[PDB]
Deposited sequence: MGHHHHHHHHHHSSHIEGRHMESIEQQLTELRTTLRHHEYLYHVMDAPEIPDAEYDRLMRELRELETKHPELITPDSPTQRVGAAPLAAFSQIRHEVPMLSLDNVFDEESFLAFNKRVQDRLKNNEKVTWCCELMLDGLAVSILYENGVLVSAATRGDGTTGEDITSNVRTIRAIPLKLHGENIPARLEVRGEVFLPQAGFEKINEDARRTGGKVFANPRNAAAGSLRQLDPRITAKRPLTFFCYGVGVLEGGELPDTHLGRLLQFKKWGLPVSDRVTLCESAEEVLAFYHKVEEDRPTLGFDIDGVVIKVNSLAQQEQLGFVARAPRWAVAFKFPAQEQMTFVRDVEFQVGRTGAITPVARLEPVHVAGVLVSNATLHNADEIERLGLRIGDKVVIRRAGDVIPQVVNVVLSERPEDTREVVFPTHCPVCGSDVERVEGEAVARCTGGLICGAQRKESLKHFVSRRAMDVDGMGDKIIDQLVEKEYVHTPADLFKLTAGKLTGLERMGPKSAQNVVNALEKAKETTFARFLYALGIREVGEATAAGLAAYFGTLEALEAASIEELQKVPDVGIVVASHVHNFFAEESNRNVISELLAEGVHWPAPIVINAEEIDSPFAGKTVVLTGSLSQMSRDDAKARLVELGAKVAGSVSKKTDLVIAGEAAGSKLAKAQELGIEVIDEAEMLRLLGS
């Protein structure tokens, strides 16, 4: 289409743009898979037109320049990247190229974190650096000493006088999710994924910040080596590092054929959801150091290793709509409907938006291109909007003011992330739990109205509100499973007796959000009657001891919703009774 010269400048500009956001800012806008796609396109163009490769092309360079706000460390041996493949056929082609230019493979989990180079002198940790641009990195020595998995001293015989240990610092998934949940609720930085949370946690001027983040580390390789020797195979070196106290993954594996490599790759992909940390693939390395040294390096990567990538855990797609799911207790979760896309190999077409505050934090509009993440058998999540690709036609996301299931008021209370349907007494989405609550022991306490009886009444649409329970005839109950004429009359009798209650237990039975047994008793004692309570403003409700803004808001919004007032009127009409004050 466009001239090859225009294609080249566009690709180089785009790749550097995202390299800056990823390597320098730990804040990428596009998925790793999209960057990898663009890099493949540039590689294909340069392979067809090798005369157009420049020494500063992204295919010839590593990482990004180190932040000058950090002290800087010149690696004593260059740090590089890895060239990659995405399918078995391409790995086999790499295997053949290697065989024809010289084999045992040392095969390792490819950890999705950031690279670090740790210098030990006489077995003592003396410095540690990020990769930077492969020549100069950022001094993160103080930060690395907060990482328990990285030893400060090596213990053993034959420790070389000077040794750079290289490995990946990374942040397990549970630690990542905690950091992001906290950040969403406090206004801090929300990270795209564990890689970026690990990088941002590590690359702190103040190491006390790093120390509070659950970073860990695995070794994977060697930089400078002086004043001593190491084993003559890569796995041998890793096992020596392990003996000296450095952390080595228990999945490092030898393979004596290309087909063994494929078997390991596929088992690791199968085991991926169980590991507790992100891996973007497996790294496959010529095991013999002599063979590694013969093959050497190109500008960006070794010629003796390949990153065999998995289908990526983040992908981009378009938001076609936003649906608002109503949960069993009235929570309204915004869920994006998406153009279908495979994430980590699994076809998905929705993703959670968490809540209304998160929609606003994202800046999401219908029609946006978004990054979504799926790591495990869970609903995917929207990560961010790809704002640089926002179409000219997008639509505002209007969070519902009324429940999409029952039409009752939706409530959002300041400081609370979750919006809720207020119509707990009528909402179909809440009906099973609301009726079970209503007849429970500390509420109306109806003998024989068990969960399986309630389930049938709801599923057959025989009951829609708690008032309908008192309208049940013995004949209608008899028609249910688990019910006979005797138990049907038993529960009709039990419902008639249950009309005798207290103001506190009736209030508790209504199922207002956050109103526990003690709060119900306090509201009943303060206001004395239902008429006084149902009239109270939020400020009036806040007068009550142990009732704050959240409970006051829920109570006021509950009684302001017409469907609740209608059910309460019906309950009184059916004869529910409590003592006057």
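Numbered from the first deposited residue, the unresolved ranges run 1 to 20, 123 to 127, 607 to 691.
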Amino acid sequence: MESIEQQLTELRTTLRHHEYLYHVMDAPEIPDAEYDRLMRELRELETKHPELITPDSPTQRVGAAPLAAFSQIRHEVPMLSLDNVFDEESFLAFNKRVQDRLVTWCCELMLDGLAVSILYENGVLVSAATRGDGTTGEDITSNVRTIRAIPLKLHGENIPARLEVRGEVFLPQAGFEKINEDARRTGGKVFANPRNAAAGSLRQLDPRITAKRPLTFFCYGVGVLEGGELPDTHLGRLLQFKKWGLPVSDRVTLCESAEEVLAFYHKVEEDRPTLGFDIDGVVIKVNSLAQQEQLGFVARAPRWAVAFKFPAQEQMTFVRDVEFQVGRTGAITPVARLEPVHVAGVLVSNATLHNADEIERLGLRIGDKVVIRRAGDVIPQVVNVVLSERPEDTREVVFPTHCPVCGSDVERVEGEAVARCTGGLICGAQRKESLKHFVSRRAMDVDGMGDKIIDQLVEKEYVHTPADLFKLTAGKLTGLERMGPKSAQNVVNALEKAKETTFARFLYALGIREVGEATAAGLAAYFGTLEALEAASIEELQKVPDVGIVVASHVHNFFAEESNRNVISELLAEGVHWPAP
From here on, numbers count along this sequence of modelled residues.
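The deposited model assigns a higher average Cα B-factor to 294 to 302 than to the other stretch when 294 to 302 and 128 to 136 are compared. Looking at 372 to 380 and 110 to 118 together, the entry lists the larger mean B-factor for 372 to 380, computed on C-alpha atoms. Per the PDB entry, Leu480 shows the highest C-alpha temperature factor of the residues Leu246, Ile73, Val224, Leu480. Comparing the C-alpha B-factors of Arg145, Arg442, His402, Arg251 in the entry, the top value falls on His402. Among all modelled residues in this chain, the alpha-carbon of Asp56 has a temperature factor (C-alpha) in the lowest third. In the deposited entry, the Cα temperature factor of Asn564 sits in the middle third of values across the chain's modelled residues. The PDB entry assigns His49 a C-alpha temperature factor belonging to the highest third of its chain's modelled residues. In the deposited entry, the Cα temperature factor of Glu531 sits in the top third of values across the chain's modelled residues. Placement of the Cα temperature factor of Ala573 within the chain: highest third of the modelled residues, per the deposited record.
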